[PDB]
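S.K.: One structure follows; several queries about it will come next.
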Number of protein chains: 2
Amino acid sequence: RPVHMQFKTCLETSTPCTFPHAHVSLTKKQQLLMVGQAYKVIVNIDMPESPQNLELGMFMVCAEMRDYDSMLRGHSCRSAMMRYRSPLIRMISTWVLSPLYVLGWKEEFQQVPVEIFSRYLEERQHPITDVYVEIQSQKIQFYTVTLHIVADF
Amino acid sequence: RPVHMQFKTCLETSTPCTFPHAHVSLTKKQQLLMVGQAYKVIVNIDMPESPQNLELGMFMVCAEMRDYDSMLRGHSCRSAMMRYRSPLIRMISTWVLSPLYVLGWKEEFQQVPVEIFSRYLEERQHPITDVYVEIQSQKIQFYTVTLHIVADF
């Protein structure tokens with residue numbers, strides 16, 4: 001339920017120098033409420049129906065857990081893929097819901113949530129401050145990336 | 001709310017010599033009102049639906065913070081991308097709103113705001129005068145670039 005906004009830096013080139021780069025995170029009160037109540041975290045990426053985005057297919061995403069002592073406490077790489085639609089059903093959804101997309105009320109993108117972890121930050125002594133996120137691709141196009149440390153056991 | 005207009009110099013060639021170049025900024029009273037009241041800054045780029053602009057996709061943008069002592073106090077590179085539209089919905093928005101674009105009332109461009117910072121200029125002793133902006137591309141086409149040191153905590 002508390003949203004968390006991140007500036008995924010796209011590796012100073014369109015060409016794949018390394019990978020996208022991340023880890024801005026500081027909610028210490030929600031860090032403690034995650035540990036004491038066994039909450040979890042989920043990332044959510046907003047990406048359009050670009051032809052480069054539709055040619056992408058499956059991609060990996062990965063996240064880390066570095067504590068207040070900057071020690072790596074958790075590491076999980078996750079699989080992800082857009083919700084595939086046929087071009088016929090994209091044309092039909094275009095023609096049917098046309099005045100919505102004309103008035104800019106739906107915006108031809110998809111929210112792709114990727115569940116990263118299920119439990120808390122491994123101990124009460126040194127919980128996790130930032131999360132080193134990277135997407136294992138370079139042809140991906142997206143609008144924004146948002147974590148969600150949800151209040152869910 | 002105070003607007004700030006910048007002359008982004010396009011690197012003396014259409015070919016990528018280096019990168020676009022920037023940093024004209026002088027509002028010392030608004031500099032002090034940013035520091036004393038924890039304001040933030042956001043850039044906004046006006047770019048058309050050119051075929052070179054639509055082929056561009058994601059690009060990085062980056063900004064610096066050099067103070068009255070000309071010391072680099074802050075540095076943030078940011079991700080950006082146009083709001084993607086399908087060619088079907090561009091044709092439908094063309095045919096529906098046609099007399100607006102004929103009379104030159106909407107102008108087939110997009111304003112893309114990119115939030116750069118969230119807080120003030122790092123101290124009251126030597127706040128930031130100019131902002132070294134660069135766009136990490138050379139195929140980008142735009143009309144103008146405008147910062148907004150908004151009065152927002």
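Starting from 1 in every chain, residues are counted up; chains themselves are A, B, ... following the order of the structure tokens, and ligands are numbered from 1 as listed.
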Could you list, as an NGL selection string, the residues of chain A having an atom within 10 Å of chain B when counting only C-alpha atoms?
M.R.: :A and (7-14 or 47-52 or 91 or 94-95 or 98-99 or 101-103 or 107-109 or 139-144)
S.K.: Could you give me, as a VMD selection string, the residues within 9 Å of residue 146 of chain B, counting only C-alpha atoms and dropping anything in the same chain fewer than 2 positions from it?
M.R.: chain B and resid 3 to 6 42 to 46 144 148
S.K.: For residue 134 of chain B, please output as a list in words all residues within 8 Å (counting only C-alpha atoms; exclusion window: fewer than 4 positions along the same chain).
M.R.: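 Surrounding residues, per the criterion: residues 19, 20, 21, 22, 61, 62 and 63 of chain B.
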S.K.: I'd like the contact shell of residue 118 of chain B - 12 Å cut-off, only C-alpha atoms, skipping same-chain residues fewer than 5 positions apart - returned as a PDB file with N, CA, C and O atoms, in the first residue's frame.
M.R.:
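Output contents, as saved in around29.pdb:
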```pdb
ATOM      1  N   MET A   5       8.702   5.254  -5.500  1.00  0.00           N
ATOM      2  CA  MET A   5       9.039   5.636  -6.862  1.00  0.00           C
ATOM      3  C   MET A   5      10.550   5.634  -7.047  1.00  0.00           C
ATOM      4  O   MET A   5      11.294   6.108  -6.184  1.00  0.00           O
TER       5      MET A   5
ATOM      6  N   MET B  34      13.809  28.592  -2.648  1.00  0.00           N
ATOM      7  CA  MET B  34      13.879  27.143  -2.775  1.00  0.00           C
ATOM      8  C   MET B  34      14.570  26.525  -1.565  1.00  0.00           C
ATOM      9  O   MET B  34      14.119  25.498  -1.046  1.00  0.00           O
ATOM     10  N   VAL B  35      15.659  27.143  -1.107  1.00  0.00           N
ATOM     11  CA  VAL B  35      16.428  26.564  -0.006  1.00  0.00           C
ATOM     12  C   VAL B  35      15.677  26.699   1.312  1.00  0.00           C
ATOM     13  O   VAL B  35      15.536  25.729   2.065  1.00  0.00           O
ATOM     14  N   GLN B  37      12.565  26.981   1.913  1.00  0.00           N
ATOM     15  CA  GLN B  37      11.249  26.358   1.949  1.00  0.00           C
ATOM     16  C   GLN B  37      11.201  25.002   1.253  1.00  0.00           C
ATOM     17  O   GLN B  37      10.098  24.506   0.988  1.00  0.00           O
ATOM     18  N   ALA B  38      12.366  24.412   0.938  1.00  0.00           N
ATOM     19  CA  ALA B  38      12.510  23.018   0.483  1.00  0.00           C
ATOM     20  C   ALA B  38      11.756  22.739  -0.816  1.00  0.00           C
ATOM     21  O   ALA B  38      11.067  21.726  -0.950  1.00  0.00           O
ATOM     22  N   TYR B  39      11.901  23.633  -1.791  1.00  0.00           N
ATOM     23  CA  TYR B  39      11.215  23.478  -3.066  1.00  0.00           C
ATOM     24  C   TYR B  39      11.953  22.467  -3.939  1.00  0.00           C
ATOM     25  O   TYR B  39      13.007  21.947  -3.577  1.00  0.00           O
ATOM     26  N   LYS B  40      11.393  22.176  -5.112  1.00  0.00           N
ATOM     27  CA  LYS B  40      12.013  21.236  -6.036  1.00  0.00           C
ATOM     28  C   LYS B  40      11.947  21.797  -7.450  1.00  0.00           C
ATOM     29  O   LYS B  40      11.370  22.862  -7.698  1.00  0.00           O
ATOM     30  N   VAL B  41      12.541  21.057  -8.384  1.00  0.00           N
ATOM     31  CA  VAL B  41      12.703  21.496  -9.763  1.00  0.00           C
ATOM     32  C   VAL B  41      12.301  20.359 -10.697  1.00  0.00           C
ATOM     33  O   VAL B  41      12.471  19.174 -10.385  1.00  0.00           O
ATOM     34  N   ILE B  42      11.701  20.725 -11.829  1.00  0.00           N
ATOM     35  CA  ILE B  42      11.289  19.778 -12.856  1.00  0.00           C
ATOM     36  C   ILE B  42      11.510  20.409 -14.226  1.00  0.00           C
ATOM     37  O   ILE B  42      11.227  21.594 -14.435  1.00  0.00           O
ATOM     38  N   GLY B  74      24.997  18.452  -6.446  1.00  0.00           N
ATOM     39  CA  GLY B  74      24.017  17.420  -6.733  1.00  0.00           C
ATOM     40  C   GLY B  74      24.073  17.016  -8.190  1.00  0.00           C
ATOM     41  O   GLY B  74      24.369  17.824  -9.072  1.00  0.00           O
ATOM     42  N   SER B  76      21.960  14.181 -10.842  1.00  0.00           N
ATOM     43  CA  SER B  76      20.947  13.155 -11.050  1.00  0.00           C
ATOM     44  C   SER B  76      20.682  12.995 -12.535  1.00  0.00           C
ATOM     45  O   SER B  76      20.328  13.965 -13.213  1.00  0.00           O
ATOM     46  N   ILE B 149      11.195  25.491 -11.367  1.00  0.00           N
ATOM     47  CA  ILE B 149      11.508  25.415  -9.948  1.00  0.00           C
ATOM     48  C   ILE B 149      10.191  25.647  -9.229  1.00  0.00           C
ATOM     49  O   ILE B 149       9.811  26.790  -8.951  1.00  0.00           O
ATOM     50  N   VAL B 150       9.471  24.580  -8.961  1.00  0.00           N
ATOM     51  CA  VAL B 150       8.113  24.720  -8.458  1.00  0.00           C
ATOM     52  C   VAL B 150       8.142  24.908  -6.953  1.00  0.00           C
ATOM     53  O   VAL B 150       9.021  24.397  -6.248  1.00  0.00           O
ATOM     54  N   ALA B 151       7.172  25.674  -6.451  1.00  0.00           N
ATOM     55  CA  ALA B 151       7.055  25.958  -5.021  1.00  0.00           C
ATOM     56  C   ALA B 151       6.334  24.815  -4.304  1.00  0.00           C
ATOM     57  O   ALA B 151       5.239  24.958  -3.765  1.00  0.00           O
ATOM     58  N   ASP B 152       6.987  23.655  -4.305  1.00  0.00           N
ATOM     59  CA  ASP B 152       6.407  22.423  -3.788  1.00  0.00           C
ATOM     60  C   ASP B 152       7.417  21.765  -2.868  1.00  0.00           C
ATOM     61  O   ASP B 152       8.557  21.516  -3.269  1.00  0.00           O
ATOM     62  N   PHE B 153       6.996  21.486  -1.640  1.00  0.00           N
ATOM     63  CA  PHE B 153       7.851  20.862  -0.641  1.00  0.00           C
ATOM     64  C   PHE B 153       8.197  19.426  -1.019  1.00  0.00           C
ATOM     65  O   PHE B 153       9.311  18.960  -0.777  1.00  0.00           O
TER      66      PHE B 153
END
```
